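Written below as structure tokens is the structure these notes are about.
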There are 4 protein chains.
Amino acid sequence: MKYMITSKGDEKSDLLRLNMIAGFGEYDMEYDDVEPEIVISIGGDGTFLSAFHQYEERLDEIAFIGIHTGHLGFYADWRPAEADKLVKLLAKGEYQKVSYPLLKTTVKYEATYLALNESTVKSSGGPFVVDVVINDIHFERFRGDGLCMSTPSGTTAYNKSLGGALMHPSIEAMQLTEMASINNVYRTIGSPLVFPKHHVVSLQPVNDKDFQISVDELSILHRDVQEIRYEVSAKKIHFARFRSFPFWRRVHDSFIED
Amino acid sequence: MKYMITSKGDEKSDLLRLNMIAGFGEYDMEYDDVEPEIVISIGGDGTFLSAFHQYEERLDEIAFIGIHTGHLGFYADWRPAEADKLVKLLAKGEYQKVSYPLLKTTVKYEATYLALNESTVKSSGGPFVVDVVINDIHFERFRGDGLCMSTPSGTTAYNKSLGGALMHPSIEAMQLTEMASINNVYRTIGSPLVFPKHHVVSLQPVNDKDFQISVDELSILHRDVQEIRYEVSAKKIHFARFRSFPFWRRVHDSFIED
Amino acid sequence: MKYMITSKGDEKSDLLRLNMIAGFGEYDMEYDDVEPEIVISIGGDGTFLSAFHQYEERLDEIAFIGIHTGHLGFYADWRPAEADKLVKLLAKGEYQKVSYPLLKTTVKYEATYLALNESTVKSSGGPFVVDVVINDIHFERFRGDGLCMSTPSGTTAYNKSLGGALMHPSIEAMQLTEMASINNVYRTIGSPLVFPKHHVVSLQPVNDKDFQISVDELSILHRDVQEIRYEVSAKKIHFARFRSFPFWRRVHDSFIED
Amino acid sequence: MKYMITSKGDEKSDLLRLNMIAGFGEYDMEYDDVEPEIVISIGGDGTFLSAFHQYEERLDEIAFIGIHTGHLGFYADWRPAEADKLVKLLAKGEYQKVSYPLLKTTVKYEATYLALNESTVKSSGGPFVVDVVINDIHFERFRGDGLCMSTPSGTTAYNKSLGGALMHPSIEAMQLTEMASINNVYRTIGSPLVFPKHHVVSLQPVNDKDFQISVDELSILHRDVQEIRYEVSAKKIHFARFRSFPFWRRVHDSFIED
Ligand SMILES: NC[C@H]1O[C@@H](n2c(Br)nc3c(N)ncnc32)[C@H](O)[C@@H]1O
Ligand SMILES: NC[C@H]1O[C@@H](n2c(Br)nc3c(N)ncnc32)[C@H](O)[C@@H]1O
Ligand SMILES: NC[C@H]1O[C@@H](n2c(Br)nc3c(N)ncnc32)[C@H](O)[C@@H]1O
Ligand SMILES: NC[C@H]1O[C@@H](n2c(Br)nc3c(N)ncnc32)[C@H](O)[C@@H]1O
Ligand SMILES: NC[C@H]1O[C@@H](n2c(Br)nc3c(N)ncnc32)[C@H](O)[C@@H]1O
Ligand SMILES: NC[C@H]1O[C@@H](n2c(Br)nc3c(N)ncnc32)[C@H](O)[C@@H]1O
Ligand SMILES: NC[C@H]1O[C@@H](n2c(Br)nc3c(N)ncnc32)[C@H](O)[C@@H]1O
Ligand SMILES: NC[C@H]1O[C@@H](n2c(Br)nc3c(N)ncnc32)[C@H](O)[C@@H]1O
């Protein structure tokens with residue numbers, strides 16, 4: 001199986017990388033960063049994010065592995081010490097796969113993006129106001145700092161800081177949270193909302209048509225936007241699992257105590 | 001088809017009830033409150049709740065209808081004005097059915113209950129402290145006023161007042177929220193948590209073994225409790241649908257504007 | 001100066017107590033638990049609370065000292081290791097005093113109480129509903145689990161768990177927070193409210209006239225209540241200060257890191 | 001007494017303005033927008049804000065009046081219908097004055113600003129990280145979207161949307177709230193904080209030294225910032241009062257029902 005490895009860039013990560021590669025040379029494993037079947041990232045959740053988006057157009061042909069050379073991550077959940085064993089197990093190709101849901105974002109003026117964590121919307125400076133439309137029915141007029149639509153695995157990220165709920169990744173859904181909404185004229189739901197597959201959430205400008213849109217780490221000022229559409233993606237990300245590391249165990253280690 | 005009708009008890013509801021019954025006598029429809037196939041409640045969401053628990057041991061053999069003689073409800077979503085048309089449409093038995101997930105609560109000292117909205121736990125006076133265990137792994141030690149586990153349709157109820165998220169009822173899940181947790185010694189997740197089918201959440205006493213437990217409207221002081229177990233029920237509640245009244249439309253009418 | 005000492009009841013605290021007493025016998029200091037001028041409590045914030053209420057009718061004639069034989073407290077902010085030095089410094093009577101504001105609670109059917117932390121209101125089971133009246137003007141009708149009125153120093157307690165703000169004790173004020181308020185029929189402010197001296201907040205029953213009222217640690221089911229009145233007390237609690245332990249330093253050590 | 005009048009710019013406000021001026025010509029009242037003693041703004045709270053900052057260097061020599069030609073404001077609390085009576089009462093100079101506290105913001109690289117509502121800090125894009133220092137003691141390291149320091153009267157504004165408490169303007173204080181703080185590495189207080197006069201809160205860069213700073217409506221990207229200092233201003237804003245419109249009455253009308 002073809003494979004490739006990305007590194008955070010620091011000494012510890014490049015060294016760990018050149019080692020796994022070496023240990024990989026001891027097996028039938030060709031290195032290939034154009035058409036890999038295995039993508040290993042070494043660093044943190046951020047390093048994993050970039051690895052995802054580098055190959056987001058081949059998701060169905062790749063199994064991702066994430067190693068953390070620092071504190072435990074939610075995607076980088078394997079310690080460096082377990083590196084040599086990752087190499088061997090990946091060699092047999094016996095491993096099982098696990099898939100997490102993704103979020104499709106559409107922008108019309110038409111652009112499409114895939115989010116592993118979330119996509120957010122804010123104003124280009126000045127007041128942020130958008131009509132919120134769910135499955136073609138007007139739901140509310142939002143006034144505040146912005147909004148956030150998150151994947152299940154992305155709930156432990158930005159979503160969490162916004163009062164969103166943590167959702168188990170086996171649930172195919174997306175969750176919308178509010179940023180500093182004004183409530184008085186305007187009236188928002190306040191609560192976070194969790195949508196199932198096929199539900200389409202759409203945002204529409206009331207005055208300003210320029211928004212700062214983000215998809216995971218990349219953030220662009222889109223001009224003359226007419227509509228932003230959110231829906232659970234048909235596509236999924238595929239991880240290779242070699243042992244049991246329960247999502248809630250990962251939540252606990254991360255937020256309660258490790 | 002056998003049927004029965006419950007009423008909030010006020011004049012408007014008893015009159016509406018005796019009318020539907022009359023209009024039902026114009027069809028092949030036997031009234032039966034022991035083995036009904038159709039259960040109509042007239043009043044509010046509360047009147048619907050009681051109707052549910054009166055027949056909770058026959059859920060798979062009943063289709064529920066809820067009429068609101070006051071403000072729109074989430075289960076009582078049909079206006080009195082549409083009564084006569086309900087009667088006719090129910091007569092043909094052509095109607096489609098829609099199912100919402102329920103919550104199974106287990107209490108060991110062993111008692112089992114079904115919740116349409118939620119189940120909560122509080123102390124019998126004095127400090128409330130419980131160990132929270134998810135799928136057999138200890139997740140956190142909770143200290144505060146109590147906890148709340150909610151069904152999808154129950155998210156617009158108590159859950160909502162506790163910062164929980166609103167979840168679409170087509171998602172088979174349960175959501176746990178915190179009540180006034182202390183954070184300093186103790187450390188809780190803070191965020192609400194959304195669990196999929198088959199996940200088992202368990203609460204265990206640390207000192208006091210007496211808790212005030214609630215399942216929907218009924219609330220009992222259970223003594224010498226050893227464990228409380230929450231999991232998505234295998235059983236579902238079945239509604240008869242005669243037209244499109246989207247859950248989010250029901251959320252909007254209820255909280256934003258009607 | 002006459003003095004007395006209370007102890008949490010455990011070995012460590014009784015031993016520390018009998019020591020300070022001994023060291024006190026080395027000075028002109030008569031032990032007196034009826035008319036003391038110095039009240040030392042040994043244990044935690046709870047032990048301090050009880051010491052306060054034991055002598056709440058002599059506040060202006062007493063200076064309180066709080067020692068923590070466990071984790072740092074907000075009132076028990078002196079370590080056992082500093083005991084012997086407390087004894088000496090208290091002997092000279094040179095020490096300066098520091099006063100924190102208190103909360104006056106009034107109950108009419110007429111009873112008055114003093115709170116060092118807060119006073120809360122909940123229903124005697126069944127739904128809790130009260131009209132909230134500020135300075136004689138109706139402000140809102142509250143529906144939920146209950147309400148909480150807190151002193152400045154009490155803000156780091158229950159108040160904090162309810163989303164209240166932490167207020168510096170030199171500010172003469174009281175803060176009201178909500179418990180799980182329903183928002184839809186009913187409409188509450190949501191935000192916590194901070195009132196200055198002389199503002200009178202009053203709660204009035206809408207149906208049920210029985211409430212579970214708490215003042216700090218003591219909690220009584222009051223029957224046939226007609227009104228509950230909150231206002232900043234004219235009376236203050238007096239601490240003896242021997243060195244600088246800034247409130248915010250105490251907040252930091254307690255919640256961020258010690 | 002010299003006076004001047006500002007208008008939102010719409011027809012209704014300019015007409016109301018030219019009228020009051022006319023009615024003012026019927027008295028001994030010279031119009032002067034350079035050295036006025038009375039400043040009347042006509043529009044909304046925003047129109048009042050601009051009027052404040054236009055003359056912020058003469059606060060002690062001016063009494064402000066705010067008229068709302070739309071929905072009730074917190075500073076624009078007089079209806080157009082009461083215009084002619086404002087004119088007469090202001091003519092006698094008998095009116096009483098009322099003062100609200102302000103917030104002093106200091107920026108070092110040194111710039112000083114006055115806020116009627118609040119001052120906020122955010123990153124110039126990229127992650128926002130600042131050390132929070134209270135009265136020279138390090139309190140916490142903040143990681144998130146930003147922070148907000150609010151005056152008492154400003155609590156009903158941005159502060160409110162951030163979970164801050166509403167504070168009565170007679171209390172000389174400032175309140176700090178968090179924007180989407182991450183909690184896991186980093187650890188923040190979470191709670192809002194209310195500081196008394198003389199307390200100095202300081203923010204300091206950890207990496208990036210560029211921040212988007214706002215003072216009320218104006219928002220500037222400051223570069224190479226070394227410190228931002230917040231403290232209750234010595235200066236106060238002075239309103240002319242002609243009758244009783246209680247702050248809490250203004251809170252109620254605005255958020256509960258008018
Ligand atoms: N593991 C904690 C660190 O990883 C970043 N992070 C990313 Br990128 N995605 C997530 C994520 N999905 N959950 C938690 N943290 C995440 C998060 O911003 C923090 O810096
Ligand atoms: N920049 C990489 C990641 O940072 C996460 N994030 C952002 Br952006 N802002 C916040 C934030 N304020 N709190 C927690 N996580 C955040 C967000 O999940 C994104 O994928
Ligand atoms: N329709 C609003 C009214 O119905 C009660 N209620 C019940 Br009972 N269940 C729900 C529910 N699931 N969602 C919203 N409100 C509910 C809720 O407590 C309120 O009194
Ligand atoms: N008593 C009937 C219903 O009341 C709902 N409920 C309760 Br109990 N307390 C609250 C509450 N505090 N806020 C909102 N809903 C609530 C809860 O959903 C329950 O099913
Ligand atoms: N010091 C933390 C411990 O002391 C209790 N406590 C009391 Br009693 N009063 C306060 C208080 N005012 N602030 C913080 N904790 C308090 C609080 O409930 C916790 O058990
Ligand atoms: N029982 C002694 C003290 O406990 C505090 N308290 C209570 Br009661 N409930 C909570 C709570 N749920 N969270 C934090 N503090 C609390 C409250 O401040 C009281 O003075
Ligand atoms: N009266 C409500 C309107 O006035 C704006 N506003 C301003 Br500007 N300052 C305040 C303020 N201090 N309180 C409430 N709203 C305010 C607030 O942003 C909203 O647009
Ligand atoms: N722009 C004029 C006023 O708007 C207020 N404000 C801002 Br900026 N953002 C928000 C916001 N997100 N919610 C409520 N008020 C806000 C803030 O109080 C400021 O003085």
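Numbering starts fresh at 1 for the residues of each chain in the structure tokens, the chains themselves are lettered A, B, ... in the order given, and ligands are numbered from 1 as they appear.
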Restrict the distance test to only C-alpha atoms, flag each residue of chain C within 9 Å of chain B, and return the flagged residues as a PyMOL selection string.
chain C and resi 71+144+157-158+160-163+179-185+254-256
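The residues sitting within 8 Å of ligand 5, with only C-alpha atoms and all ligand atoms considered, come out as residues 182 and 184 of chain B; 44, 45, 46, 47, 48, 49, 71, 72, 73, 74, 75, 76, 116, 117, 153, 154, 155, 156, 157, 158, 216, 217 and 254 of chain C.
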Can I get the selection written as an mmCIF file, in the first residue's frame, with C-alpha atoms?
data_model
loop_
_atom_site.group_PDB
_atom_site.id
_atom_site.type_symbol
_atom_site.label_atom_id
_atom_site.label_comp_id
_atom_site.auth_asym_id
_atom_site.auth_seq_id
_atom_site.Cartn_x
_atom_site.Cartn_y
_atom_site.Cartn_z
ATOM 1 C CA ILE B 182 -19.769 23.057 41.101
ATOM 2 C CA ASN B 184 -13.158 23.853 41.182
ATOM 3 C CA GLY C 44 -13.402 24.965 55.908
ATOM 4 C CA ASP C 45 -15.741 27.643 54.595
ATOM 5 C CA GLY C 46 -18.605 25.583 56.001
ATOM 6 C CA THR C 47 -17.109 25.693 59.498
ATOM 7 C CA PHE C 48 -16.821 29.454 59.047
ATOM 8 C CA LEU C 49 -20.471 29.719 57.971
ATOM 9 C CA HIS C 71 -7.931 23.216 50.674
ATOM 10 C CA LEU C 72 -7.957 27.024 50.670
ATOM 11 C CA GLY C 73 -11.331 28.583 51.449
ATOM 12 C CA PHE C 74 -12.702 32.044 50.748
ATOM 13 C CA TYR C 75 -13.328 32.699 54.436
ATOM 14 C CA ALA C 76 -10.873 30.071 55.680
ATOM 15 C CA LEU C 116 -23.236 35.500 54.447
ATOM 16 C CA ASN C 117 -23.410 33.716 51.104
ATOM 17 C CA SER C 153 -18.425 37.267 48.913
ATOM 18 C CA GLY C 154 -21.132 34.699 48.224
ATOM 19 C CA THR C 155 -20.708 35.107 44.457
ATOM 20 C CA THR C 156 -17.928 32.514 44.363
ATOM 21 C CA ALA C 157 -20.395 29.999 45.821
ATOM 22 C CA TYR C 158 -23.836 28.926 44.536
ATOM 23 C CA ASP C 216 -26.685 29.857 53.642
ATOM 24 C CA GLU C 217 -26.599 26.306 55.035
ATOM 25 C CA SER C 254 -9.318 28.548 44.129
#
To one decimal place in Å, what is the distance between atom CA of residue A:27 and atom CA of residue A:95?
16.0 Å
List every residue of stretch 11-246 of chain C that DSSP, applied to the backbone of this structure, places in helix (DSSP H, G or I), and write the result as a PyMOL selection string.
chain C and resi 11-24+45-54+59-61+80-92+153-156+158-161
Quick one: of A:242, A:52, A:109, A:186, who's nearest to ligand 1, counting only C-alpha atoms and all ligand atoms?
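When distances to ligand 1 are compared using only C-alpha atoms and all ligand atoms, the smallest one comes from A:52.
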Can you list, as a VMD selection string, every residue of stretch 20-221 of chain B that DSSP puts in strand (DSSP E or B)?
chain B and resid 31 38 to 43 63 to 68 78 96 to 108 111 to 115 118 to 123 128 to 134 137 to 144 146 to 150 166 to 167 173 to 179 193 to 196 201 to 205 211 to 215 218 to 221
Would you mind listing what lies within 10 Å of residue A:29 as an mmCIF file with N, CA and C atoms, in the first residue's frame, with only C-alpha atoms counted and same-chain residues fewer than 2 positions away left out?
data_model
loop_
_atom_site.group_PDB
_atom_site.id
_atom_site.type_symbol
_atom_site.label_atom_id
_atom_site.label_comp_id
_atom_site.auth_asym_id
_atom_site.auth_seq_id
_atom_site.Cartn_x
_atom_site.Cartn_y
_atom_site.Cartn_z
ATOM 1 N N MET A 1 0.822 -1.206 0.000
ATOM 2 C CA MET A 1 0.000 0.000 0.000
ATOM 3 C C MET A 1 0.859 1.260 0.000
ATOM 4 N N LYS A 2 0.513 2.212 -0.859
ATOM 5 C CA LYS A 2 1.210 3.490 -0.892
ATOM 6 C C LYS A 2 0.871 4.277 0.371
ATOM 7 N N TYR A 3 1.805 5.103 0.834
ATOM 8 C CA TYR A 3 1.596 5.874 2.056
ATOM 9 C C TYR A 3 2.373 7.182 2.017
ATOM 10 N N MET A 4 2.017 8.105 2.905
ATOM 11 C CA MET A 4 2.774 9.343 3.072
ATOM 12 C C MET A 4 2.680 9.812 4.522
ATOM 13 N N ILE A 21 9.245 5.996 8.390
ATOM 14 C CA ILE A 21 9.594 5.763 6.997
ATOM 15 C C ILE A 21 10.637 4.655 6.888
ATOM 16 N N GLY A 23 11.382 2.300 9.142
ATOM 17 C CA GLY A 23 10.725 1.067 9.532
ATOM 18 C C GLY A 23 9.769 0.568 8.467
ATOM 19 N N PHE A 24 9.268 1.487 7.647
ATOM 20 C CA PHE A 24 8.387 1.128 6.543
ATOM 21 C C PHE A 24 9.173 0.522 5.384
ATOM 22 N N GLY A 25 10.411 0.971 5.213
ATOM 23 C CA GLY A 25 11.272 0.424 4.183
ATOM 24 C C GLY A 25 11.589 -1.038 4.435
ATOM 25 N N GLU A 26 11.279 -1.500 5.643
ATOM 26 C CA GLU A 26 11.508 -2.889 6.026
ATOM 27 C C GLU A 26 10.350 -3.773 5.579
ATOM 28 N N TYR A 27 9.345 -3.153 4.968
ATOM 29 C CA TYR A 27 8.174 -3.868 4.474
ATOM 30 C C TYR A 27 7.903 -3.486 3.022
ATOM 31 N N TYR A 31 6.404 4.856 -0.560
ATOM 32 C CA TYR A 31 6.033 6.208 -0.158
ATOM 33 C C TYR A 31 5.503 6.985 -1.359
ATOM 34 N N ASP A 32 4.364 7.640 -1.177
ATOM 35 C CA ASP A 32 3.718 8.368 -2.257
ATOM 36 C C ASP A 32 2.792 9.415 -1.658
ATOM 37 N N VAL A 87 3.485 0.982 12.453
ATOM 38 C CA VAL A 87 4.158 0.591 11.219
ATOM 39 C C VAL A 87 3.888 -0.863 10.846
ATOM 40 N N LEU A 90 -0.032 -1.646 10.141
ATOM 41 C CA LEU A 90 -0.433 -1.067 8.862
ATOM 42 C C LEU A 90 0.099 -1.887 7.691
ATOM 43 N N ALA A 91 1.185 -2.614 7.931
ATOM 44 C CA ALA A 91 1.846 -3.382 6.882
ATOM 45 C C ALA A 91 0.994 -4.544 6.386
#
Which polymer residues have any atom within 12 Å of an atom of residue C:15, counting only C-alpha atoms, with same-chain residues fewer than 2 positions away left out, as JSON, numbers by chain?
{"C": [5, 6, 7, 8, 9, 10, 11, 12, 13, 17, 18, 19, 20, 21, 22, 42, 43, 69, 80, 83]}
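Distance check against residue C:241 using only C-alpha atoms: of C:189, C:129, C:98, C:200, the minimum falls on C:98.
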Distance of atom CA of residue B:195 from atom CA of residue B:232, expressed in Å to one decimal place
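These two atoms are separated by 8.4 Å.
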For ligand 3, which of B:187, B:122, B:168, B:104 is the closest residue, counting only C-alpha atoms and all ligand atoms?
B:168
Can you measure atom CA of residue A:250 to atom 12 (N, counted along the ligand's line) of ligand 6 for me? One decimal in Å is fine.
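Separating atom CA of residue A:250 from atom 12 (N, counted along the ligand's line) of ligand 6 is a distance of 26.8 Å.
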Within 7 Å of residue A:152, counting only C-alpha atoms, which residues qualify if same-chain residues fewer than 5 places away don't, as a list in words?
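Using only C-alpha atoms, the neighbours found are residues 101, 167, 168, 169, 173 and 174 of chain A.
Excluding residue A:58 itself and same-chain residues fewer than 3 positions from it, the residues having an atom within 10 Å of it are residues 35, 36, 37, 52, 53, 54, 55, 61, 62 and 237 of chain A, counting only C-alpha atoms.
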Serialized selection, N, CA, C and O atoms, as a PDB file, in the first residue's frame:
ATOM      1  N   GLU A  35      -0.782   9.823  -4.417  1.00  0.00           N
ATOM      2  CA  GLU A  35      -1.854   8.841  -4.479  1.00  0.00           C
ATOM      3  C   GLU A  35      -1.749   7.818  -3.345  1.00  0.00           C
ATOM      4  O   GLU A  35      -1.839   6.613  -3.585  1.00  0.00           O
ATOM      5  N   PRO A  36      -1.568   8.294  -2.101  1.00  0.00           N
ATOM      6  CA  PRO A  36      -1.377   7.380  -0.969  1.00  0.00           C
ATOM      7  C   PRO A  36      -2.665   6.666  -0.569  1.00  0.00           C
ATOM      8  O   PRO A  36      -3.756   7.161  -0.855  1.00  0.00           O
ATOM      9  N   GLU A  37      -2.531   5.512   0.079  1.00  0.00           N
ATOM     10  CA  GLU A  37      -3.675   4.797   0.632  1.00  0.00           C
ATOM     11  C   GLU A  37      -3.700   4.983   2.145  1.00  0.00           C
ATOM     12  O   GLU A  37      -4.742   4.840   2.784  1.00  0.00           O
ATOM     13  N   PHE A  52      -5.867  16.282   6.282  1.00  0.00           N
ATOM     14  CA  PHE A  52      -7.198  16.017   5.764  1.00  0.00           C
ATOM     15  C   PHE A  52      -7.485  16.832   4.512  1.00  0.00           C
ATOM     16  O   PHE A  52      -7.925  16.289   3.498  1.00  0.00           O
ATOM     17  N   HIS A  53      -7.240  18.136   4.587  1.00  0.00           N
ATOM     18  CA  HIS A  53      -7.570  19.036   3.484  1.00  0.00           C
ATOM     19  C   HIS A  53      -6.617  18.929   2.300  1.00  0.00           C
ATOM     20  O   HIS A  53      -6.960  19.315   1.184  1.00  0.00           O
ATOM     21  N   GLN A  54      -5.420  18.409   2.541  1.00  0.00           N
ATOM     22  CA  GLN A  54      -4.480  18.178   1.456  1.00  0.00           C
ATOM     23  C   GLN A  54      -4.995  17.077   0.534  1.00  0.00           C
ATOM     24  O   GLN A  54      -4.714  17.071  -0.663  1.00  0.00           O
ATOM     25  N   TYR A  55      -5.763  16.150   1.098  1.00  0.00           N
ATOM     26  CA  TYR A  55      -6.225  14.993   0.342  1.00  0.00           C
ATOM     27  C   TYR A  55      -7.737  14.846   0.383  1.00  0.00           C
ATOM     28  O   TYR A  55      -8.258  13.747   0.207  1.00  0.00           O
ATOM     29  N   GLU A  61     -10.532   6.787  -0.607  1.00  0.00           N
ATOM     30  CA  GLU A  61      -9.419   5.910  -0.961  1.00  0.00           C
ATOM     31  C   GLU A  61      -8.280   5.959   0.060  1.00  0.00           C
ATOM     32  O   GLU A  61      -7.205   5.406  -0.176  1.00  0.00           O
ATOM     33  N   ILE A  62      -8.518   6.615   1.192  1.00  0.00           N
ATOM     34  CA  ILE A  62      -7.481   6.794   2.205  1.00  0.00           C
ATOM     35  C   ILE A  62      -7.948   6.413   3.606  1.00  0.00           C
ATOM     36  O   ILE A  62      -9.110   6.607   3.959  1.00  0.00           O
ATOM     37  N   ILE A 237     -14.947  10.686   6.365  1.00  0.00           N
ATOM     38  CA  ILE A 237     -13.518  10.482   6.541  1.00  0.00           C
ATOM     39  C   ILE A 237     -13.292   9.103   7.143  1.00  0.00           C
ATOM     40  O   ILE A 237     -14.060   8.658   7.996  1.00  0.00           O
TER      41      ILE A 237
END
Residue nearest ligand 4 among B:111, B:147, B:65, B:38 (counting only C-alpha atoms and all ligand atoms):
B:147
Residue neighbourhood residue A:103, 7 Å, only C-alpha atoms, exclusion window fewer than 5 positions, as a PDB file with N, CA, C and O atoms, in the first residue's frame:
ATOM      1  N   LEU A 114     -15.493  21.200   2.256  1.00  0.00           N
ATOM      2  CA  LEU A 114     -15.711  20.118   3.204  1.00  0.00           C
ATOM      3  C   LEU A 114     -15.049  20.495   4.523  1.00  0.00           C
ATOM      4  O   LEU A 114     -13.919  20.972   4.542  1.00  0.00           O
ATOM      5  N   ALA A 115     -15.758  20.297   5.625  1.00  0.00           N
ATOM      6  CA  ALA A 115     -15.221  20.644   6.933  1.00  0.00           C
ATOM      7  C   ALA A 115     -15.095  19.398   7.789  1.00  0.00           C
ATOM      8  O   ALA A 115     -16.014  18.583   7.837  1.00  0.00           O
ATOM      9  N   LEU A 116     -13.957  19.246   8.459  1.00  0.00           N
ATOM     10  CA  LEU A 116     -13.784  18.144   9.393  1.00  0.00           C
ATOM     11  C   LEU A 116     -14.264  18.565  10.775  1.00  0.00           C
ATOM     12  O   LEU A 116     -14.807  17.760  11.529  1.00  0.00           O
ATOM     13  N   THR A 151     -19.436  19.554  12.810  1.00  0.00           N
ATOM     14  CA  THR A 151     -19.554  18.112  12.655  1.00  0.00           C
ATOM     15  C   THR A 151     -19.600  17.488  14.043  1.00  0.00           C
ATOM     16  O   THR A 151     -19.316  18.159  15.032  1.00  0.00           O
ATOM     17  N   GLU A 231     -25.162  21.305   5.026  1.00  0.00           N
ATOM     18  CA  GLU A 231     -25.815  20.001   5.102  1.00  0.00           C
ATOM     19  C   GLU A 231     -24.795  18.900   5.367  1.00  0.00           C
ATOM     20  O   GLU A 231     -23.637  19.004   4.964  1.00  0.00           O
ATOM     21  N   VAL A 232     -25.223  17.851   6.057  1.00  0.00           N
ATOM     22  CA  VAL A 232     -24.346  16.719   6.312  1.00  0.00           C
ATOM     23  C   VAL A 232     -23.843  16.173   4.983  1.00  0.00           C
ATOM     24  O   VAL A 232     -24.629  15.908   4.076  1.00  0.00           O
ATOM     25  N   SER A 233     -22.529  16.027   4.863  1.00  0.00           N
ATOM     26  CA  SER A 233     -21.932  15.561   3.620  1.00  0.00           C
ATOM     27  C   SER A 233     -22.261  14.100   3.364  1.00  0.00           C
ATOM     28  O   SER A 233     -22.470  13.329   4.296  1.00  0.00           O
TER      29      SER A 233
END
